[PDB]
Amino acid sequence: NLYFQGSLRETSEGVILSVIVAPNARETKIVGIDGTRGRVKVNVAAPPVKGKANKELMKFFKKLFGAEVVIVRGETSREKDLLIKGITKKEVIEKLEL
Ligand code: NA
Ligand code: NA
């Protein structure tokens, strides 16, 4: 039921996945799509302090995609853009739709 196409774009370097983080969660997980922002809603099991939400977010998606993931926008924001290097949009969508 979730459509990720409005939260992704494929660039020269890989795929930029646009997310909005909800911290203080009991489990890091994808919960839905913010259609007004074009972002994947991700609960993150970390407080919003010490870059701890960034660390958990990148661990989660590196494991999911099997590729390196860096934060390219929003290091100190809830609205973060994640560059997944060396991957196609088709691959990213397949992993998100699991
Ligand atoms: Na590009
Ligand atoms: Na994962």
# chains A, B, ... in the order shown; residues from 1 in each chain; ligands from 1

call {"tool": "select_by_dssp", "arguments": {"residues": "chain A", "states": "helix (DSSP H, G or I)", "output": "MDAnalysis selection string"}}
result
chainID A and resid 5:7 52:65 89:96

call {"tool": "write_last_selection", "arguments": {"atoms": "N, CA and C atoms", "output": "mmCIF file, in the first residue's frame"}}
result
data_model
loop_
_atom_site.group_PDB
_atom_site.id
_atom_site.type_symbol
_atom_site.label_atom_id
_atom_site.label_comp_id
_atom_site.auth_asym_id
_atom_site.auth_seq_id
_atom_site.Cartn_x
_atom_site.Cartn_y
_atom_site.Cartn_z
ATOM 1 N N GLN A 5 7.777 6.213 -4.696
ATOM 2 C CA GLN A 5 8.317 6.924 -5.851
ATOM 3 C C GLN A 5 8.416 8.424 -5.623
ATOM 4 N N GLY A 6 7.575 8.984 -4.749
ATOM 5 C CA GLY A 6 7.702 10.405 -4.463
ATOM 6 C C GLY A 6 8.759 10.788 -3.459
ATOM 7 N N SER A 7 9.499 9.811 -2.940
ATOM 8 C CA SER A 7 10.485 10.026 -1.886
ATOM 9 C C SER A 7 11.895 9.688 -2.349
ATOM 10 N N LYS A 52 22.728 10.750 17.615
ATOM 11 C CA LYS A 52 22.353 9.353 17.800
ATOM 12 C C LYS A 52 21.281 8.919 16.815
ATOM 13 N N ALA A 53 20.374 9.824 16.435
ATOM 14 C CA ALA A 53 19.360 9.466 15.448
ATOM 15 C C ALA A 53 19.982 9.283 14.070
ATOM 16 N N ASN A 54 20.975 10.115 13.732
ATOM 17 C CA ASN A 54 21.703 9.947 12.477
ATOM 18 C C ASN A 54 22.386 8.590 12.415
ATOM 19 N N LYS A 55 23.076 8.217 13.492
ATOM 20 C CA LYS A 55 23.810 6.956 13.514
ATOM 21 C C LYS A 55 22.874 5.774 13.307
ATOM 22 N N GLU A 56 21.756 5.761 14.033
ATOM 23 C CA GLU A 56 20.814 4.655 13.932
ATOM 24 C C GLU A 56 20.162 4.618 12.556
ATOM 25 N N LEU A 57 19.835 5.790 12.011
ATOM 26 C CA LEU A 57 19.204 5.855 10.698
ATOM 27 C C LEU A 57 20.110 5.269 9.617
ATOM 28 N N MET A 58 21.407 5.587 9.661
ATOM 29 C CA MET A 58 22.313 5.112 8.621
ATOM 30 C C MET A 58 22.637 3.631 8.789
ATOM 31 N N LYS A 59 22.778 3.162 10.033
ATOM 32 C CA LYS A 59 22.945 1.731 10.272
ATOM 33 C C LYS A 59 21.781 0.944 9.681
ATOM 34 N N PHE A 60 20.557 1.413 9.931
ATOM 35 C CA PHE A 60 19.355 0.728 9.463
ATOM 36 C C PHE A 60 19.330 0.614 7.943
ATOM 37 N N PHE A 61 19.551 1.727 7.243
ATOM 38 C CA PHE A 61 19.434 1.701 5.788
ATOM 39 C C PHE A 61 20.655 1.090 5.104
ATOM 40 N N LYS A 62 21.848 1.200 5.690
ATOM 41 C CA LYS A 62 22.979 0.473 5.119
ATOM 42 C C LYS A 62 22.718 -1.028 5.143
ATOM 43 N N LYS A 63 22.123 -1.520 6.232
ATOM 44 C CA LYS A 63 21.797 -2.939 6.324
ATOM 45 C C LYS A 63 20.717 -3.319 5.321
ATOM 46 N N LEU A 64 19.708 -2.465 5.160
ATOM 47 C CA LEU A 64 18.617 -2.768 4.241
ATOM 48 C C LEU A 64 19.104 -2.808 2.798
ATOM 49 N N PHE A 65 19.838 -1.779 2.365
ATOM 50 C CA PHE A 65 20.250 -1.680 0.968
ATOM 51 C C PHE A 65 21.531 -2.433 0.634
ATOM 52 N N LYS A 89 17.340 3.141 -8.723
ATOM 53 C CA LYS A 89 16.028 3.361 -8.118
ATOM 54 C C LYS A 89 15.240 2.053 -8.022
ATOM 55 N N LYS A 90 15.287 1.230 -9.069
ATOM 56 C CA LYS A 90 14.586 -0.053 -9.054
ATOM 57 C C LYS A 90 15.009 -0.902 -7.860
ATOM 58 N N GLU A 91 16.317 -0.972 -7.584
ATOM 59 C CA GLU A 91 16.802 -1.767 -6.455
ATOM 60 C C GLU A 91 16.313 -1.215 -5.128
ATOM 61 N N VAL A 92 16.381 0.107 -4.965
ATOM 62 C CA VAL A 92 15.958 0.737 -3.721
ATOM 63 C C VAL A 92 14.474 0.485 -3.462
ATOM 64 N N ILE A 93 13.645 0.630 -4.494
ATOM 65 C CA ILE A 93 12.207 0.409 -4.332
ATOM 66 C C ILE A 93 11.938 -1.037 -3.943
ATOM 67 N N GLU A 94 12.642 -1.975 -4.577
ATOM 68 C CA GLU A 94 12.462 -3.384 -4.246
ATOM 69 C C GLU A 94 12.751 -3.646 -2.769
ATOM 70 N N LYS A 95 13.828 -3.058 -2.234
ATOM 71 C CA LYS A 95 14.164 -3.266 -0.826
ATOM 72 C C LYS A 95 13.180 -2.566 0.107
ATOM 73 N N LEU A 96 12.720 -1.364 -0.256
ATOM 74 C CA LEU A 96 11.764 -0.653 0.592
ATOM 75 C C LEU A 96 10.413 -1.355 0.642
#

call {"tool": "residues_near_ligand", "arguments": {"ligand": "ligand 1", "cutoff": "7 Å", "atoms": "only C-alpha atoms and all ligand atoms", "output": "list in words"}}
result
residues 10, 11 and 12 of chain A

call {"tool": "write_last_selection", "arguments": {"atoms": "C-alpha atoms", "output": "CSV table (one decimal), in the first residue's frame"}}
result
chain,number,residue,atom,x,y,z
A,10,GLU,CA,18.3,8.6,-9.0
A,11,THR,CA,21.3,10.9,-9.5
A,12,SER,CA,24.8,10.6,-11.0

call {"tool": "select_by_dssp", "arguments": {"residues": "chain A", "states": "strand (DSSP E)", "output": "MDAnalysis selection string"}}
result
chainID A and resid 8:10 14:22 29:34 39:43 69:73 79:85

call {"tool": "closest_residue", "arguments": {"among": "A:41, A:29, A:50, A:9", "to": "ligand 2", "atoms": "only C-alpha atoms and all ligand atoms"}}
result
A:29

call {"tool": "residues_around", "arguments": {"residues": "residue 73 (chain A)", "least_positions_apart": "4", "cutoff": "10 Å", "atoms": "only C-alpha atoms", "output": "PDB file with N, CA, C and O atoms, in the first residue's frame"}}
result
ATOM      1  N   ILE A  16      19.026   9.222  -3.989  1.00  0.00           N
ATOM      2  CA  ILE A  16      18.750  10.054  -2.818  1.00  0.00           C
ATOM      3  C   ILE A  16      17.367   9.679  -2.312  1.00  0.00           C
ATOM      4  O   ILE A  16      16.358   9.874  -3.007  1.00  0.00           O
ATOM      5  N   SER A  18      14.645  10.376   0.502  1.00  0.00           N
ATOM      6  CA  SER A  18      14.225  11.479   1.364  1.00  0.00           C
ATOM      7  C   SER A  18      13.313  10.945   2.466  1.00  0.00           C
ATOM      8  O   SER A  18      12.269  10.345   2.172  1.00  0.00           O
ATOM      9  N   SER A  77      18.410  18.124  11.101  1.00  0.00           N
ATOM     10  CA  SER A  77      16.990  18.282  10.842  1.00  0.00           C
ATOM     11  C   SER A  77      16.288  16.931  10.919  1.00  0.00           C
ATOM     12  O   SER A  77      16.915  15.873  10.828  1.00  0.00           O
ATOM     13  N   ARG A  78      14.961  16.970  11.067  1.00  0.00           N
ATOM     14  CA  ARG A  78      14.184  15.740  10.946  1.00  0.00           C
ATOM     15  C   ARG A  78      14.030  15.288   9.512  1.00  0.00           C
ATOM     16  O   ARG A  78      13.805  14.098   9.255  1.00  0.00           O
ATOM     17  N   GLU A  79      14.071  16.232   8.584  1.00  0.00           N
ATOM     18  CA  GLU A  79      13.934  15.940   7.161  1.00  0.00           C
ATOM     19  C   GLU A  79      15.333  15.732   6.604  1.00  0.00           C
ATOM     20  O   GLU A  79      16.072  16.694   6.380  1.00  0.00           O
ATOM     21  N   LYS A  80      15.697  14.474   6.402  1.00  0.00           N
ATOM     22  CA  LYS A  80      17.038  14.090   6.000  1.00  0.00           C
ATOM     23  C   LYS A  80      16.992  13.442   4.625  1.00  0.00           C
ATOM     24  O   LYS A  80      16.062  12.686   4.312  1.00  0.00           O
ATOM     25  N   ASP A  81      17.991  13.758   3.813  1.00  0.00           N
ATOM     26  CA  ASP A  81      18.188  13.107   2.521  1.00  0.00           C
ATOM     27  C   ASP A  81      19.390  12.189   2.636  1.00  0.00           C
ATOM     28  O   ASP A  81      20.463  12.621   3.084  1.00  0.00           O
ATOM     29  N   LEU A  82      19.199  10.928   2.247  1.00  0.00           N
ATOM     30  CA  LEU A  82      20.212   9.886   2.349  1.00  0.00           C
ATOM     31  C   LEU A  82      20.658   9.515   0.944  1.00  0.00           C
ATOM     32  O   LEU A  82      19.830   9.094   0.139  1.00  0.00           O
ATOM     33  N   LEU A  83      21.939   9.690   0.650  1.00  0.00           N
ATOM     34  CA  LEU A  83      22.502   9.209  -0.610  1.00  0.00           C
ATOM     35  C   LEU A  83      22.971   7.775  -0.417  1.00  0.00           C
ATOM     36  O   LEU A  83      23.824   7.495   0.440  1.00  0.00           O
TER      37      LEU A  83
END

call {"tool": "closest_residue", "arguments": {"among": "A:15, A:98, A:25, A:40", "to": "ligand 2", "atoms": "only C-alpha atoms and all ligand atoms"}}
result
A:98
